[PDB]
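Here Cβ is always computed from backbone atoms with ideal geometry, including for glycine, and neighbour counts include all displayed protein chains. None of the figures in this text is laboratory data; all of them are computed from the coordinates on show.
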Amino acid sequence: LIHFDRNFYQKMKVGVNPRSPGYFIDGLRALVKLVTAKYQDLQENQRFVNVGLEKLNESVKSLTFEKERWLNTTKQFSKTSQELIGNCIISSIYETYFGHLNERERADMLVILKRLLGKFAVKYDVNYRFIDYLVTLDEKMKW
Amino acid sequence: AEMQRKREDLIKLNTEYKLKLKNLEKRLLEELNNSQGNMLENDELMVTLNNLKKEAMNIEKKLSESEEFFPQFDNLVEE
């Protein structure tokens with residue numbers, strides 16, 4: 001985040017060195033608000049597959065053995081959770097720093113962010129889209 | 001035209017099938033609680049869950065071709 005803020009002003013702003021950290025604060029406050037909201041939702045879906053795991057074990061006609069297979073998803077979760085911390089980093093930066101940037105100016109900064117995420121020991125979703133990540137399909141239609 | 005066509009439905013059917021995956025999971029668990037002491041109704045949803053064997057694995061069909069589609073799309077952005 002420090003290396004991003006240092007890069008944001010360095011790349012984007014012109015006019016002579018007047019301006020300083022404010023986005024940085026809002027960026028951090030967004031991340032905390034979003035990780036807490038994501039952890040509560042990942043634990044909710046993991047509780048939704050734990051309740052379906054106890055429901056199938058109670059039953060044990062030809063297809064039901066695959067729903068253990070549907071159950072595999074179980075292994076998937078841990079990998080999905082390891083990327084949610086770095087995913088929230090990108091989401092918070094979009095919310096904070098991107099609002100006033102151009103199509104090109106957004107994508108460009110995203111690169112510098114993603115390569116910063118690449119060098120540090122954080123995992124992010126390779127197929128990431130800011131819209132899909134924070135908008136719900138019900139909201140997206142409503143807008 | 002074929003990969004620009006498939007681009008929009010690729011993220012669309014990603015969310016649609018996953019909405020339908022969570023929509024059919026809810027249909028299944030609500031009838032399993034209602035028809036536990038009642039008749040084998042769950043079977044009438046299990047043939048829709050047999051249709052889901054295409055749907056759950058349709059996602060896996062689309063994810064396999066995604067690993068092929070995305071790096072091609074990002075190659076086409078440069079030209």
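Of the residues that make up the stretch A:60-79, is at least one surrounded by 10 or more Cβ atoms within 10 Å (Cβ to Cβ), under 19 Å from the mean Cα position of the chain (by Cα) and farther than 21 Å from A:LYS123 by Cα? No: the stretch A:60-79 contains no residue that is surrounded by 10 or more Cβ atoms within 10 Å (Cβ to Cβ), under 19 Å from the mean Cα position of the chain (by Cα) and farther than 21 Å from A:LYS123 by Cα.
Name the single residue that is surrounded by the fewest Cβ atoms within 10 Å (Cβ to Cβ) among those in the stretch B:1-14 being within 13 Å of chain A (Cβ to nearest Cβ) and in contact with a helix residue (DSSP H, G or I) (Cβ under 9 Å, 6 or more places away or on another chain).
As a first pass, look at the stretch B:1-14 and keep what is within 13 Å of chain A (Cβ to nearest Cβ): B:7-8, B:10-14.
Among the residues that remain, those that are also in contact with a helix residue (DSSP H, G or I) (Cβ under 9 Å, 6 or more places away or on another chain) are: B:7, B:10-11, B:13-14.
Values: B:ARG7: 13, B:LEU10: 18, B:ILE11: 15, B:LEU13: 16, B:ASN14: 16.
That would be B:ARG7.
One residue alone among A:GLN76, A:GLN46 is more than 13 Å from every other protein chain (Cβ to nearest Cβ) and closer than 30 Å to B:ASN50 by Cα, and that residue is A:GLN46. Could you check the stretch B:25-58 and list, in sequence order, the residues that are over 30 Å from B:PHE73 (Cβ atoms) and touching a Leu at 6+ places or on another chain (Cβ under 8 Å)? Answer for the stretch B:25-58, where residues must be over 30 Å from B:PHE73 (Cβ atoms) and touching a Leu at 6+ places or on another chain (Cβ under 8 Å): B:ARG27, B:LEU28, B:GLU31, B:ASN42, B:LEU45, B:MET46, B:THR48, B:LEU49, B:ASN50. Considering the conditions (1) surrounded by 15 or more Cβ atoms within 10 Å (Cβ to Cβ); (2) within 21 Å of B:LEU19 (Cα to Cα); (3) within 16 Å of the chain's Cα centre (by Cα), A:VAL135 is excluded by exactly one of them, (1).
A single entry from A:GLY15, A:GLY27 fulfils the requirement of being away from chain B (no Cβ under 13 Å), under 23 Å from the mean Cα position of the chain (by Cα) and of a type outside the set (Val, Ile, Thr): A:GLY27. Residues in the stretch B:24-50 that are over 14 Å from A:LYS55 (Cβ atoms) and loosely packed, with under 11 Cβ neighbours inside 10 Å: 5 in all.
Tell me, which helices (runs of 4 or more DSSP H) lie completely within the stretch A:79-143 with 3 or more residues that are more than 14 Å from chain B (Cβ to nearest Cβ) and within 16 Å of A:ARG6 (Cα to Cα)?
Those helices (runs of 4 or more DSSP H) span A:103-119.
If you go through the stretch B:15-69 and keep only what is away from chain A (no Cβ under 12 Å), of a type in the set (S, T, N, Q) and either within 22 Å of A:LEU71 (Cβ to Cβ) or outside any helix (DSSP H, G or I) (or both), you end up with B:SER35, B:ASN38, B:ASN58, B:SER64.
Quick grid of which residues meet (1) surrounded by 12 or more Cβ atoms within 10 Å (Cβ to Cβ); (2) assigned to a helix (DSSP H, G or I):
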{"position": "A:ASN7", "(1), (2)": "yes, yes"}
{"position": "A:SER20", "(1), (2)": "no, no"}
{"position": "A:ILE25", "(1), (2)": "no, yes"}
{"position": "A:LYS38", "(1), (2)": "yes, yes"}
{"position": "A:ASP41", "(1), (2)": "no, yes"}
{"position": "A:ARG47", "(1), (2)": "no, yes"}
{"position": "A:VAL51", "(1), (2)": "no, yes"}
{"position": "A:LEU56", "(1), (2)": "yes, yes"}
